[PDB]
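Structure first, commentary second.
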Amino acid sequence: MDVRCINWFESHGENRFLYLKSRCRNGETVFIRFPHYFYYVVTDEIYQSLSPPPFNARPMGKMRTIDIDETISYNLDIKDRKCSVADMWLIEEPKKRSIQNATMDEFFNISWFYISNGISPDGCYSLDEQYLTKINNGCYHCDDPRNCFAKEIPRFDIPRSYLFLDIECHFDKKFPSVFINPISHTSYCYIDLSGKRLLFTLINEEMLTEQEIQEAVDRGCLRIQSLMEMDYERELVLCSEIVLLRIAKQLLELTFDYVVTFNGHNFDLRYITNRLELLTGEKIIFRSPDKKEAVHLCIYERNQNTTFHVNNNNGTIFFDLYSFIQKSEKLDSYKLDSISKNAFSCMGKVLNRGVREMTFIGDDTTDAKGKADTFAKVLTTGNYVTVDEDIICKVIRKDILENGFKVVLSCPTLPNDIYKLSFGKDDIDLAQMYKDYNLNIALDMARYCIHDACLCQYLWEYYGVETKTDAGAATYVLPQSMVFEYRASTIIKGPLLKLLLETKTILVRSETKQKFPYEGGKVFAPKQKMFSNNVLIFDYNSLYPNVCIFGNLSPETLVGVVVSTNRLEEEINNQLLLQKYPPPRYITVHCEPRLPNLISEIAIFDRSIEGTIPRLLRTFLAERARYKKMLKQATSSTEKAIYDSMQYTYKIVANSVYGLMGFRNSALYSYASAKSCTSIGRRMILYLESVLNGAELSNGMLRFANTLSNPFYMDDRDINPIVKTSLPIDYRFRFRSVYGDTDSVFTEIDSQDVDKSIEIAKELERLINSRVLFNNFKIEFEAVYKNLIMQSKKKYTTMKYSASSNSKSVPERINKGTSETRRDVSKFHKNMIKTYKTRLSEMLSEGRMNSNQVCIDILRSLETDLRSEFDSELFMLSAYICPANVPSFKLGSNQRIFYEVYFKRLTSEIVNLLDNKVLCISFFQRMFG
């Protein structure tokens, strides 16, 4: 019988078990229960000399154990590590025994299960059917996982179930409390195994008066007096609160494959269960699959920025999107409004204008393929849209096109014909509506809560979490319900263990580590944006993993660190370690001194056998590069999800390995290796940005900086500063010194072609990341053209992104910083920040002569505004009172205070765009008096 695995889980009673929940071909679901053992690793000696004899033990082979402790050497006499060799035994037992000198401890009893047994938590297995004995209906027990899970088949499709919920509560103060406030609304999106999606909402009837309830029943709703009274097909129901809560219980008490919410783990579910306890004294109960354990719902936490989780043990996965997008996405606000805003969007086109309402259409080529369809999907329960920015309007008419959408909005008439359409701000005042409760707002808020619940599913389909949860269970060998609950240090041990088991290696740290805190990293800061004449945007393809491969860094390829407390010891040691330890078999790095006291720290690495971290990284990059292709060759729509989730997985795992070498408590911990990263890397950065000036002309000049040398040694690799390109024609375009970062490189062409300059970056990629480079270091060429405004770190600027497809281009103009979201300040006299920003942007449409015009106009107009309304809505840019007599925080008629500061600011912040350092401090002085 051929099953596909859904999720594995554990049980922590007196007795341990592992459960597999699985679905067959036809859809009938099965539970399989294995015992759960504590594992250990012993040397042969300890294996036989041990008593009592263990439960089971089978030999692993013949492994090499290595000590990797880091010891600062002083003279030069570097010694060699204890690389013992022996025969290993893997020992399993049902209880917890403490055994002295048992290595290979850092791993969980769950990885030992999947590895030593040949089981992958994503497999589609044809079970061998004689080993599975009945326990109960859909609960078979197994004893020999090897023979039972011996087969394998190609992957086959299954159905799944869901439930997406939301509640809304009565409130009148700051923000409600379970002891004082009843639950007004309760919504639910129920998608069944048979695959029909049913929506419904329940309305608290103790909140309304008698004849209003009458109008409701006459109006289309339903009324119920008990649990048995409800059907799941009524679009709306009216019921008391006890019934509402009993339905919530009974319906989260089922075996849904997922239960998806948004902040549902500390607010929604906590409210529901607590109110239920409060009113009726009954509880939410979870059985085991074998009916021999019962638990009650009680949220717990995993403080790491905490994260709340649900304590269920029947196989369900209780997801919560809030945590997931907090982890996997780096956004500025994690309010449902903003994510639903920028995720779901499309460009629409007006067909007829009108009075106080307009009509839009959304389709094919009007904008990119597909998002019209998604927009039409969420529009099915939408109420308020945003007109291209900031302009909220209620929806008037909906129409599901065959391919897009027609919508009619209550928005005022506008000039243009094409617009952005961004789905959600929902400016609604809830408290007031709670003050004057009548039937109409009840029927409105039903439409709001149901839409919220459905958004909580449109997102889960937008991110494809259902396939990341599987890619992460195959790579990151672990159950499906662990994949998003833990930190990097806990998820890498799977692939690491699988590596150690092929290379017959064990690493043991017999020392207690010491922490020498250090730099995290240097911040790079550009000094001009705009007139620069559109910068390219060359990118690094995974520097840190490439460096950890080149230098062959590892905790066990480190010969030693040698130091020196004073000069005349450096130069001794220094001509010494070149006579011995010569390149290329050896690479040596100067690090930042550990104990603030000496001044050396040369670390030496042996580039003759593969370190462990280099093996790991090599496989990761290798397989990501493959799935990058099988995606390009996939045609069905179910594969293009599986492969894309896989490459994303490998990307994550790779980019998580540098920062983890530094973590003192990880398993890849190696102080010297961490410090040698950032060191090789930052030499690499300076070596690129240095040779980049390269005024190309006379059919190819491109000297770069000066020389094309290779640091760390002489490679004998054609250092010829002059070089001939493909050379489309002759040119006279020179490059300006650049700014760069850990990840990118902003080479600002000073010639400024017009948009064809691109042909210049192509061929530039042709050479720099191909001829001015040594090993696996390589090419990217992204593109962020136009005259950005770098108001700060790479995080804050204009977007203005116009990718390599310049043919008939439309760029992303709006914003990259989005530090324009939190106020925490006053709100009267600004709002110009927008207008100042837009003026400064539009003034640089040209590139040559609007520099002086920029400074002149911005500072003159700012002075005129400031003076006019010093003597006669928005403050976002992410109580002590002052007088204004120079020529709990609220405003008064005392506006003349902060006119003075923010106007100084608006120009003091944006300084990395212009170079007219004259009028800048000139207006600075003008406003001084």
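How things are named: the first chain in the structure tokens is A, the next is B, and so on; residues count from 1 in each chain; ligands count from 1 in the order shown.
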
task: Using only C-alpha atoms, determine which residues lie at most 12 Å from residue A:301, disregarding the query and same-chain residues fewer than 4 positions distant; provide the list as a PyMOL selection string.
output: chain A and resi 265-266+305-311+485

Generate a file of the selected residues that holds C-alpha atoms, formatted as an mmCIF file, in the first residue's frame.
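Saved as out.cif:
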```cif
data_model
loop_
_atom_site.group_PDB
_atom_site.id
_atom_site.type_symbol
_atom_site.label_atom_id
_atom_site.label_comp_id
_atom_site.auth_asym_id
_atom_site.auth_seq_id
_atom_site.Cartn_x
_atom_site.Cartn_y
_atom_site.Cartn_z
ATOM 1 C CA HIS A 265 -1.749 31.925 18.615
ATOM 2 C CA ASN A 266 -1.744 34.538 21.349
ATOM 3 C CA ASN A 305 11.272 38.457 19.912
ATOM 4 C CA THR A 306 9.210 35.605 21.287
ATOM 5 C CA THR A 307 7.040 33.207 19.328
ATOM 6 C CA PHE A 308 3.885 31.451 20.474
ATOM 7 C CA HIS A 309 2.985 27.859 19.677
ATOM 8 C CA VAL A 310 0.107 25.459 20.249
ATOM 9 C CA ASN A 311 0.463 22.265 22.281
ATOM 10 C CA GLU A 485 9.901 26.584 14.561
#
```

Using 12 Å as the limit and counting only C-alpha atoms, can you tabulate each residue of stretch 847-887 of chain A that touches stretch 782-805 of chain A, with its shortest atom-to-atom distance in Å and the two atoms involved, as a Markdown table?
```
| residue | atom | partner | partner_atom | distance |
| --- | --- | --- | --- | --- |
| A:847 | CA | A:787 | CA | 8.2 |
| A:848 | CA | A:787 | CA | 11.6 |
| A:851 | CA | A:787 | CA | 11.7 |
| A:877 | CA | A:796 | CA | 10.7 |
| A:878 | CA | A:796 | CA | 9.7 |
```

task: Just the strand (DSSP E or B) stuff from stretch 409-439 of chain A, please, per backbone DSSP, written as an MDAnalysis selection string.
output: chainID A and resid 409 418:422

File dump, residues just selected, N, CA, C and O atoms, as a PDB file, in the first residue's frame:
```pdb
ATOM      1  N   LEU A 409     -15.672  51.924  -8.306  1.00  0.00           N
ATOM      2  CA  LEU A 409     -15.217  52.445  -7.027  1.00  0.00           C
ATOM      3  C   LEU A 409     -15.799  53.818  -6.753  1.00  0.00           C
ATOM      4  O   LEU A 409     -16.078  54.576  -7.680  1.00  0.00           O
ATOM      5  N   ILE A 418      -4.179  55.118 -16.724  1.00  0.00           N
ATOM      6  CA  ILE A 418      -3.619  53.890 -16.170  1.00  0.00           C
ATOM      7  C   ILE A 418      -3.311  54.153 -14.703  1.00  0.00           C
ATOM      8  O   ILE A 418      -2.860  55.249 -14.347  1.00  0.00           O
ATOM      9  N   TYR A 419      -3.575  53.170 -13.844  1.00  0.00           N
ATOM     10  CA  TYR A 419      -3.315  53.369 -12.424  1.00  0.00           C
ATOM     11  C   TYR A 419      -2.907  52.073 -11.745  1.00  0.00           C
ATOM     12  O   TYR A 419      -3.174  50.976 -12.228  1.00  0.00           O
ATOM     13  N   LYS A 420      -2.251  52.227 -10.605  1.00  0.00           N
ATOM     14  CA  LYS A 420      -1.985  51.119  -9.709  1.00  0.00           C
ATOM     15  C   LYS A 420      -3.255  50.813  -8.935  1.00  0.00           C
ATOM     16  O   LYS A 420      -4.077  51.699  -8.704  1.00  0.00           O
ATOM     17  N   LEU A 421      -3.401  49.563  -8.521  1.00  0.00           N
ATOM     18  CA  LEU A 421      -4.551  49.095  -7.766  1.00  0.00           C
ATOM     19  C   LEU A 421      -4.031  48.143  -6.698  1.00  0.00           C
ATOM     20  O   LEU A 421      -3.698  46.989  -7.002  1.00  0.00           O
ATOM     21  N   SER A 422      -3.935  48.647  -5.472  1.00  0.00           N
ATOM     22  CA  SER A 422      -3.324  47.962  -4.342  1.00  0.00           C
ATOM     23  C   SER A 422      -4.392  47.648  -3.305  1.00  0.00           C
ATOM     24  O   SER A 422      -5.175  48.524  -2.929  1.00  0.00           O
TER      25      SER A 422
END
```

Just want the 7 Å neighbourhood of residue A:288, counted on only C-alpha atoms, with same-chain residues fewer than 6 positions away dropped. Output as a PDB file with C-alpha atoms, in the first residue's frame.
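The result, stored in result23.pdb:
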```pdb
ATOM      1  CA  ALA A 294      -5.467  13.445  26.119  1.00  0.00           C
ATOM      2  CA  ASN A 313      -0.578  16.105  19.609  1.00  0.00           C
ATOM      3  CA  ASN A 314      -2.997  14.660  17.055  1.00  0.00           C
TER       4      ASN A 314
END
```

message: Report as a PyMOL selection string all protein, DNA and RNA residues lying within 6 Å of stretch 736-744 of chain A, evaluated on only C-alpha atoms, omitting residues in the same chain fewer than 2 positions from it.
response: chain A and resi 524+526+538-540+693+746-748

message: Residues near residue A:564, anyone? I mean within 10 Å using only C-alpha atoms, not counting same-chain ones fewer than 3 positions away, as a list in words.
response: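 My list of contacting residues is residues 73, 74, 75, 567, 568, 569, 570, 571, 572, 573, 574, 593, 597, 598, 599, 600, 601 and 602 of chain A.
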
Residues of stretch 741-841 of chain A in helix (DSSP H, G or I), written as a PyMOL selection string: chain A and resi 758-771+832-841

Write to file, as a PDB file, in the first residue's frame, the residues of the selection just made, with N, CA and C atoms.
```pdb
ATOM      1  N   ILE A 758      23.798  50.001 -21.432  1.00  0.00           N
ATOM      2  CA  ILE A 758      23.670  48.637 -20.932  1.00  0.00           C
ATOM      3  C   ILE A 758      24.618  47.693 -21.653  1.00  0.00           C
ATOM      4  N   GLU A 759      24.676  47.811 -22.976  1.00  0.00           N
ATOM      5  CA  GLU A 759      25.561  46.971 -23.768  1.00  0.00           C
ATOM      6  C   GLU A 759      26.968  47.066 -23.194  1.00  0.00           C
ATOM      7  N   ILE A 760      27.200  48.120 -22.415  1.00  0.00           N
ATOM      8  CA  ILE A 760      28.487  48.350 -21.782  1.00  0.00           C
ATOM      9  C   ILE A 760      28.642  47.511 -20.518  1.00  0.00           C
ATOM     10  N   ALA A 761      27.540  47.252 -19.818  1.00  0.00           N
ATOM     11  CA  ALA A 761      27.630  46.456 -18.602  1.00  0.00           C
ATOM     12  C   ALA A 761      27.719  44.982 -18.928  1.00  0.00           C
ATOM     13  N   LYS A 762      26.900  44.517 -19.872  1.00  0.00           N
ATOM     14  CA  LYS A 762      27.066  43.174 -20.410  1.00  0.00           C
ATOM     15  C   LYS A 762      28.535  42.860 -20.620  1.00  0.00           C
ATOM     16  N   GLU A 763      29.181  43.572 -21.546  1.00  0.00           N
ATOM     17  CA  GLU A 763      30.563  43.237 -21.856  1.00  0.00           C
ATOM     18  C   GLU A 763      31.461  43.496 -20.665  1.00  0.00           C
ATOM     19  N   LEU A 764      31.095  44.433 -19.792  1.00  0.00           N
ATOM     20  CA  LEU A 764      31.876  44.588 -18.570  1.00  0.00           C
ATOM     21  C   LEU A 764      31.816  43.326 -17.718  1.00  0.00           C
ATOM     22  N   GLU A 765      30.613  42.797 -17.488  1.00  0.00           N
ATOM     23  CA  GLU A 765      30.479  41.489 -16.859  1.00  0.00           C
ATOM     24  C   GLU A 765      31.309  40.447 -17.587  1.00  0.00           C
ATOM     25  N   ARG A 766      31.357  40.537 -18.918  1.00  0.00           N
ATOM     26  CA  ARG A 766      32.190  39.685 -19.760  1.00  0.00           C
ATOM     27  C   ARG A 766      33.594  39.520 -19.226  1.00  0.00           C
ATOM     28  N   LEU A 767      34.117  40.529 -18.541  1.00  0.00           N
ATOM     29  CA  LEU A 767      35.537  40.593 -18.283  1.00  0.00           C
ATOM     30  C   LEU A 767      35.884  40.656 -16.806  1.00  0.00           C
ATOM     31  N   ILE A 768      35.312  41.598 -16.052  1.00  0.00           N
ATOM     32  CA  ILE A 768      35.777  41.802 -14.682  1.00  0.00           C
ATOM     33  C   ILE A 768      35.581  40.533 -13.876  1.00  0.00           C
ATOM     34  N   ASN A 769      34.332  40.113 -13.719  1.00  0.00           N
ATOM     35  CA  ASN A 769      34.004  38.877 -13.037  1.00  0.00           C
ATOM     36  C   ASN A 769      34.332  37.658 -13.894  1.00  0.00           C
ATOM     37  N   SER A 770      35.198  37.814 -14.889  1.00  0.00           N
ATOM     38  CA  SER A 770      35.645  36.680 -15.682  1.00  0.00           C
ATOM     39  C   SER A 770      37.134  36.706 -15.984  1.00  0.00           C
ATOM     40  N   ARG A 771      37.732  37.886 -16.123  1.00  0.00           N
ATOM     41  CA  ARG A 771      39.177  37.996 -16.272  1.00  0.00           C
ATOM     42  C   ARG A 771      39.862  38.667 -15.090  1.00  0.00           C
ATOM     43  N   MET A 832       5.336  68.114   3.393  1.00  0.00           N
ATOM     44  CA  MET A 832       6.133  68.561   2.269  1.00  0.00           C
ATOM     45  C   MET A 832       7.195  67.516   1.960  1.00  0.00           C
ATOM     46  N   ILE A 833       7.614  66.759   2.973  1.00  0.00           N
ATOM     47  CA  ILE A 833       8.625  65.739   2.722  1.00  0.00           C
ATOM     48  C   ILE A 833       8.341  65.026   1.406  1.00  0.00           C
ATOM     49  N   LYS A 834       7.087  64.607   1.194  1.00  0.00           N
ATOM     50  CA  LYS A 834       6.684  64.097  -0.111  1.00  0.00           C
ATOM     51  C   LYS A 834       7.037  65.060  -1.227  1.00  0.00           C
ATOM     52  N   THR A 835       6.617  66.315  -1.107  1.00  0.00           N
ATOM     53  CA  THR A 835       6.779  67.238  -2.220  1.00  0.00           C
ATOM     54  C   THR A 835       8.248  67.579  -2.437  1.00  0.00           C
ATOM     55  N   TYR A 836       9.007  67.761  -1.358  1.00  0.00           N
ATOM     56  CA  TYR A 836      10.447  67.965  -1.489  1.00  0.00           C
ATOM     57  C   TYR A 836      11.086  66.796  -2.226  1.00  0.00           C
ATOM     58  N   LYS A 837      10.784  65.574  -1.784  1.00  0.00           N
ATOM     59  CA  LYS A 837      11.322  64.361  -2.395  1.00  0.00           C
ATOM     60  C   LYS A 837      10.969  64.276  -3.874  1.00  0.00           C
ATOM     61  N   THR A 838       9.704  64.534  -4.218  1.00  0.00           N
ATOM     62  CA  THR A 838       9.273  64.424  -5.608  1.00  0.00           C
ATOM     63  C   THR A 838       9.913  65.500  -6.469  1.00  0.00           C
ATOM     64  N   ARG A 839      10.027  66.721  -5.942  1.00  0.00           N
ATOM     65  CA  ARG A 839      10.727  67.772  -6.668  1.00  0.00           C
ATOM     66  C   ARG A 839      12.166  67.381  -6.930  1.00  0.00           C
ATOM     67  N   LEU A 840      12.857  66.905  -5.896  1.00  0.00           N
ATOM     68  CA  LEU A 840      14.256  66.541  -6.059  1.00  0.00           C
ATOM     69  C   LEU A 840      14.402  65.419  -7.072  1.00  0.00           C
ATOM     70  N   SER A 841      13.463  64.473  -7.069  1.00  0.00           N
ATOM     71  CA  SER A 841      13.499  63.392  -8.046  1.00  0.00           C
ATOM     72  C   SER A 841      13.294  63.920  -9.461  1.00  0.00           C
TER      73      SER A 841
END
```

Counting only C-alpha atoms, the residue of A:194, A:557, A:666, A:261 that sits nearest residue A:588: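 So, comparing all the options, the nearest one is A:557.
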
- prompt: If we count only C-alpha atoms, what is near stretch 339-343 of chain A at a cut-off of 9 Å, once residues fewer than 6 positions away on the same chain are taken out, given as number ranges by chain?
  reply: A: 331, 333, 386, 422-425, 455, 459, 462

- request: Could you give me, as a list in words, the residues within 8 Å of residue A:554, counting only C-alpha atoms and dropping anything in the same chain fewer than 6 positions from it?
  value: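 The filter keeps residues 548, 611, 612, 613, 614, 670 and 673 of chain A.
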
message: Taking only C-alpha atoms into account, name the residue in A:733, A:175, A:7, A:290 that is nearest to residue A:33.
response: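 Checking each of A:733, A:175, A:7, A:290 against residue A:33, counting only C-alpha atoms, the winner is A:290.
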
task: Quick one: pull the distance between atom CA of residue A:351 and atom CA of residue A:377, Å, one decimal.
output: 21.0 Å

- request: Considering only C-alpha atoms, state which residue in the set A:104, A:553, A:350, A:119 is at the smallest distance from residue A:479.
  value: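 Ranked by minimum distance to residue A:479, first place goes to A:119.
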
query: Smallest atom-to-atom distance to residue A:705: which of A:755, A:268, A:44, A:689, using only C-alpha atoms?
result: A:689

Counting only C-alpha atoms, the residue of A:482, A:862, A:183, A:213 that sits nearest residue A:317: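 Closest to residue A:317, using only C-alpha atoms: A:482.
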
- prompt: Nearest to residue A:344: which of A:107, A:162, A:375, A:190 is it, counting only C-alpha atoms?
  reply: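 The shortest atom-to-atom distance to residue A:344 comes from A:375.
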
task: Quote the spacing between atom CA of residue A:465 and atom CA of residue A:165 in Å to one decimal place.
output: 17.3 Å
